[PDB]
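For reference, the structure discussed in these notes is given below.
Because the Cβ atoms are built from the backbone with ideal geometry, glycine has one as well, and the counts that use them run over all protein chains shown. Any read-out appearing in this document is the output of simple, stated calculations on the displayed coordinates, not a laboratory observation.
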RNA sequence: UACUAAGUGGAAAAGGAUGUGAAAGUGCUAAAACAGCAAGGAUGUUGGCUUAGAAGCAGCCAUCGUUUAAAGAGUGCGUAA
Ligand SMILES: [Mg+2]
Ligand SMILES: [Mg+2]
Ligand SMILES: [Mg+2]
Ligand SMILES: [Zn+2]
């Protein structure tokens, strides 16, 4: 099992795969085939590395707290937790939650709502 | 180096450290304190070592008080000098610590750091130290 | 304390009294990711997987005036899989998952005021 | 082995024992063997 | 009648130690205690600045939240990371 970082538009390189026995050249087409709907975005892949050779792979969403920055209309969050700069309402929080519901292992959507508050607190953005 | 700014008399008689505790007997500024169990003469050099030790092992918000102060001076005749021809010149300042005087106290930081801080302060002093707390 | 334990035994006894299906499982070699996956695949309020104490389960069973389950809860690792209304689909789901697992045991459970055996659990799916 | 007048555990794995009426400290790391406690 | 296992007795300090005896309190325990053994020990994610890089284990912005029995921005080792 390997959690490898591969660009959606550029995933053909990577020597580490060759150490396990993965058929790199056949699987490059599979890597590129199902990521064209999210071209440009960086997408890591989880690989069920084993000796079966039929390596099933699963894509993965870009990491959180960059859409928080996008919605807060600021490039980088505050360098002090006490200092509050960005403000985010519940509507932007819920759009982020339904977007990131795919990668999250939470059963409900309110759990996903308060994940956004939790990472926003880390970013320092007031939850209004 | 704690040192009195001026003194009326340069060469006073030494002050005994034998006896119980006159003042500075109970923690009254902080709430943990370093009590002594053996009266002895400790000089301003040992205070500075202990104070610097406490400050280095303190944090960003801890606060400390130094109770004892080296009021009394002591002299020392120069080497290779035969007895006579008056008393020697003052050399170092010593604070008189009796059995039971609280020398250092600390507060405003968790208990473990305070216990550790008092330990490193007491390892710098000749007296046999002990930890005490402030009455509620 | 003792009062909290009394409250706990009472409510689990009430829950198993008002329930309709139960099956016991072990906790040998399955991941927490897999545990969250089982919770989401069930997704039914009637179906519930829970870690119960072995002692508390026997005492709640004693208060439930049932019999014969003692052999299940002896010198073993116990899970509880309570099902409300329909329990066949829950058993089918858990059976498919243990087949998807690497290794797993399976201990007799209780349903419809009757008890079953290990092979009876194999056919109850 | 380090011979010191005072012996105390260095890591959490260091364990104090008393062998042949002498207290020593043994541990996985051999840099931390102490004696003459 | 107790104590010492050191020939202490029959010389010594700062400091160190699961030596042993006595006492006074407090926590859990046959609704199972402690140690050990057998299992799991999570998700967003590898959060984000930051650093060539750190993303469970460089300094940080701090020191998140759900599922859940439990899980830590981790316990270390360790990986350029
Ligand atoms: Mg002798
Ligand atoms: Mg001892
Ligand atoms: Mg004793
Ligand atoms: Zn060690």
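Details
- Working from label points 7 Å from Cα in the Cα-to-Cβ sense, the residue C:117 to residue A:33 distance is 4.9 nm.
- Paramagnetic reach from residue C:77 in segment C:88-125 [backbone N under 15 Å; point 7 Å along Cα→Cβ]: C:98, C:101-107
- Report summary: the helix-based calculation at 222 nm, which adds -39500 (n - 2.57) for every DSSP H run with n ≥ 4 and divides by the residues of chain A, gives -10500 deg cm²/dmol.
- Percent antiparallel among DSSP beta bridges (both partners in chain A, rounded to 5): 75 percent
- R0 of 22 Å, Cβ-Cβ distance residue C:37-residue A:99: FRET efficiency to nearest 0.05: 0.55
- √(5λ) per eigenvalue of the Cα gyration tensor, chain C, largest first, Å: 23, 16, 15
- Estimated FRET transfer efficiency (residue A:20, residue C:28; beta-carbon r; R0 45 Å; 0.05): 0.95
- Residues of segment B:92-136 with an amide N closer than 12 Å to a point placed 7 Å from the Cα of residue B:25 along the Cα-to-Cβ direction: B:99-102.
- Each eigenvalue of the Cα gyration tensor of chain A, multiplied by 5 and square-rooted, gives one semi-axis; in descending order these are 35, 15, 13 Å.
- Hull volume in cubic angstrom per residue (convex hull over the Cα atoms of segment C:1-69): 119 Å³
- For the pair residue B:77 and residue D:31, a Förster radius of 45 Å applied to the C-beta separation gives a FRET efficiency near 0.40, rounded to the nearest 0.05.
- Label-to-label distance, residue C:53 versus residue D:3, with points set 7 angstrom from Cα along the beta-carbon direction: 5.6 nm.
- Rg [Å, one decimal], Dmax [Å, integer] - segment A:2-59, C-alpha atoms: 10.8, 32
- Globularity ratio of segment A:66-127, using Cα Rg and 2.2 N^0.38 Å: 1.08
- Taking other C-beta atoms within 10 Å as the exposure proxy, B:29, A:55 rank B:29, A:55 from fewest upward.
- The Cα-based radius of gyration and maximum Cα-Cα distance (Dmax) for chain B are 16.7, 57 Å.
- Across segment B:1-43, the residues whose backbone nitrogen lies under 18 Å from the label position 7 Å along the beta-carbon direction of residue B:133 are B:26-35.
- Restricting the calculation to Cα atoms, segment B:87-136 yields a radius of gyration followed by a Dmax of 14.5, 49 Å.
- Inter-site label distance for residue B:66 and residue B:1 at 7 Å from Cα along Cβ, in nm: 1.3 nm
- Principal axes of the protein assembly as shown: Cα extent on each, largest first, Å: 112, 63, 53
- Across all Cα pairs in segment B:1-47, the calculated P(r) in 5 Å bins from zero up to the longest distance comes to 4, 13, 17, 24, 25, 11, 5, 1 percent per bin.
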